[PDB]
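Quick setup: one chain, the form deposited without the ligand, written in structure tokens, and binding and motion questions come after.
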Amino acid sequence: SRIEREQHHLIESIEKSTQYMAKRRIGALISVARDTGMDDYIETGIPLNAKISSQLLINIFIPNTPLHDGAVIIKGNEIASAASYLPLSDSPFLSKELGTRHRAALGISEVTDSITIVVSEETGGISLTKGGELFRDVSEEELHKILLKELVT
């Protein structure tokens, strides 16, 4: 259909779902594929090939459920997979206060141009990784501007 409409709906869906999870300290890990493919990491998860919504993203990460333990990977206009493996960064610069989801988000950002969003189950803070860099505990305004810049062409 109309790509700009799809891209803005994707941004809204990430914003609403991460707001919901952040308030409840639900851990989450959502990686959005870009020019470089993520197909090999999609293959490690449970296939969904589903329409993007804030509601599905939230339902996926509910603790102690079949789909929660790993990354969601979004490819084109679909939630491709849940519970996917991402490579862990070995960087010693990542703070030891951060958990596996952050190290996974950092790891995938070091080998793809994907944009990955994390919700910390410890703090509720929202972080983002891109190109081997971490943007830690961003405000709602900051998250919106980054997602606009990176996900809207």
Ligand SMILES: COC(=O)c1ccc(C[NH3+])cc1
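Position 1 is the first residue in the sequence shown; the rest follow in order.
The form deposited with the ligand bound exists for this protein as well; it is not shown, and the discussion that follows is about that form.
Contact check for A22: no non-hydrogen atom falls within 4.5 Å of the ligand in the bound PDB entry.
In the bound PDB entry, the ligand lies farther than 4.5 Å from every heavy atom of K145.
Taking the partner from the other structure, the ligand in the bound PDB entry has a heavy atom within 4.5 Å of a heavy atom of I11.
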